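Here is the structure we will look at.
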């Protein structure tokens, strides 16, 4: 037995999507990476670790581990 399972428990918390502003520019090198320039407002939907953040831009949705950004 054993194939694939993905089931989250009902984690009733204040799931707040937070925003971060870019100070430096970088286009997505990988498909998992995020494409955006300097000054942009990236909505980070899930930051589990300060090493890998998942955010949203109108250029694409992905990760920006370089952390060349600020929080506002």
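Residue numbers (this note's numbering): 1 to 72. For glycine and all other residues, C-beta sits at the position ideal for the given N, C-alpha and C.
Legend entry - Burial state of residue 42 (16 or more Cβ within 10 Å): buried
Inset, instruction - For residue 54, write down the residues that DSSP places opposite it in a beta bridge. - result: 46 and 63
Inset, instruction - With DSSP as the reference, label residue 35 as helix, strand or coil. - result: coil
Inset, instruction - With distances taken Cα to Cα, identify the nearest neighbour of residue 59 among 47, 19, 53 and 27. - result: 27
Legend entry - residue 45 vs residue 64 beta-carbon contact at 8 Å: no
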